[PDB]
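Peer 1: Experimental structure and sequence below, a few questions after.
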2 protein chains.
Amino acid sequence: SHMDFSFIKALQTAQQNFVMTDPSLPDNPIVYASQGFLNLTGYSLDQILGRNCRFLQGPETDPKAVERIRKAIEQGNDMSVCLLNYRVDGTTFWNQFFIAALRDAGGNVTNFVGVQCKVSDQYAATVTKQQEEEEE
Amino acid sequence: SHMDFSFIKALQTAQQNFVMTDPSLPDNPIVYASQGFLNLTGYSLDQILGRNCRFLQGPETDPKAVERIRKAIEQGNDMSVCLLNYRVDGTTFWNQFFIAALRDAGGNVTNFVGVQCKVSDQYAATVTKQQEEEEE
Ligand SMILES: Cc1cc2nc3c(=O)[nH]c(=O)nc-3n(C[C@H](O)[C@H](O)[C@H](O)COP(=O)(O)O)c2cc1C
Ligand SMILES: Cc1cc2nc3c(=O)[nH]c(=O)nc-3n(C[C@H](O)[C@H](O)[C@H](O)COP(=O)(O)O)c2cc1C
Ligand SMILES: [Cl-]
Ligand SMILES: [Cl-]
Ligand SMILES: [Cl-]
């Protein structure tokens, strides 16, 4: 019914790409980020907290996927999207990332959790083909 | 307020280690498992669904961690535990895995989500040191 602190501790440490964001604060900013997340994105820790993950997007990013994400966030749905993200140095990578809407015993969204997965160009091609085939 | 099907689709496919279990069914069995999960554990798909993840544990698995997990499950808490797990061939590996309690708009636990991470022996040593230092 709550959050065991083991979750929060192993999150900041896990060599994979995890993030947690707080909807209670404005703009839903990152409160905890994994070490593998900083390895993948290349950012320092001070450039992560207090900000929303929009800084991973850029020019060549599919805005339909971004609208999908923001709709699922406004409704608090658990989703997953593959899109092109940018590191700090400007390099690009295909991020297939998940979003979970953790809710308390009252049904209210307490925190958002995000798992990012770097996928190859073949997986990106197939999943983008499906997502673009999802036309209305 | 619901589960976007993108979550379920990208779960079964993601090359990482994800699982989802249904508390509505007896013993809380696995309903969806990732491809990377089958790569890590070595099991076929038919040996996964309809079963609880106890088949990953074994002889030299810390039972205190298992009691911790089952208490957090009975209370529906989001946790994370590092423990020794076994593959199908009998080989061992240190699994630092997370557990999230997805709840609906009414606060009831709908499904459990689990992310497994294979960690080295140094990380296992440090985290097991902390968890054993957690004595009452
Ligand atoms: C927990 C969480 C993790 C997210 N991770 C990413 C990410 O890794 N890459 C990305 O492009 N967007 C990510 N997003 C989405 C953005 O943070 C943002 O919500 C998205 O751009 C839609 O919001 P907007 O329409 O206001 O721009 C994540 C969102 C959440 C809640
Ligand atoms: C979603 C989910 C994923 C789990 N993944 C693992 C796992 O990877 N390895 C493991 O040893 N136990 C895992 N467990 C815990 C076991 O499934 C089981 O709940 C645990 O042994 C405690 O239950 P018990 O006291 O009845 O044995 C997971 C549990 C859940 C709910
Ligand atoms: Cl379905
Ligand atoms: Cl091994
Ligand atoms: Cl090692």
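Peer 2: On my side now, so go ahead. Numbers count the residues shown, from 1 in each chain, chains lettered A, B, ... in the order given. Ligands and ions are numbered 1, 2, ... in the order given.

Peer 1: give me the element the residue of chain A found nearest ligand 4 is part of.
Peer 2: Chain A approaches ligand 4 most closely through residue A:15 (16.6 Å), counting by C-beta to the ion. C-beta coordinates here come from the backbone N, C-alpha and C atoms, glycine included. Element membership for residue A:15, per DSSP states H and E: none, as it lies in no helix or strand.

Peer 1: which residue packs closest to the spatially most central residue of chain A, ignoring adjacent ones?
Peer 2: Nearest to the geometric centre of chain A sits residue A:114, at 4.3 Å (C-alpha atoms, centre = their mean). The shortest distance from residue A:114 to any residue other than its chain neighbours is 4.5 Å, reached at residue A:19 (C-beta to C-beta, 6 or more residues apart in numbering or on different chains).

Peer 1: elements contacting the helix or strand hosting the one you found?
Peer 2: Assigned by DSSP H and E, residue A:19 belongs to strand A:17-21. Applying 3 or more C-beta pairs under 8 Å, 6 or more residues apart in numbering or on different chains; DSSP states H and E, one finds that strand A:17-21 contacts helix A:5-13, strand A:30-33, helix A:35-41, strand A:109-118.

Peer 1: hmm, back to that, need the phi and psi values for the residue of chain A closest to ligand 4.
Peer 2: Backbone torsions for residue A:15, taken as degrees, to the nearest 10, come to phi -70, psi 0.

Peer 1: That one and ligand 1, how far apart?
Peer 2: Residue A:15 sits 17 Å away from ligand 1, going by C-beta to the nearest ligand atom, to the nearest Å.

Peer 1: Could you do residue A:106 as well?
Peer 2: Residue A:106 is 20 Å from ligand 1, by C-beta to the nearest ligand atom.

Peer 1: Helix, strand, or coil at that residue?
Peer 2: coil (DSSP: H, G, I helix; E, B strand; the rest coil).

Peer 1: so it touches residue B:108, yeah?
Peer 2: No: using C-beta atoms under 8 Å as the test, residue A:106 is too far from residue B:108 to be in contact (10.7 Å).

Peer 1: anything in stretch A:4-14 near chain B?
Peer 2: Yes: using C-beta under 8 Å from any C-beta of the partner chain, we find that stretch A:4-14 touches chain B at A:4, A:6, A:7, A:9, A:10, A:11, A:13, A:14.

Peer 1: Can you tell me which of the residues you listed comes closest to residue B:81?
Peer 2: Closest approach between the residues of stretch A:4-14 next to chain B and residue B:81, by C-beta to C-beta: residue A:6, at 6.4 Å.

Peer 1: All set, thanks.
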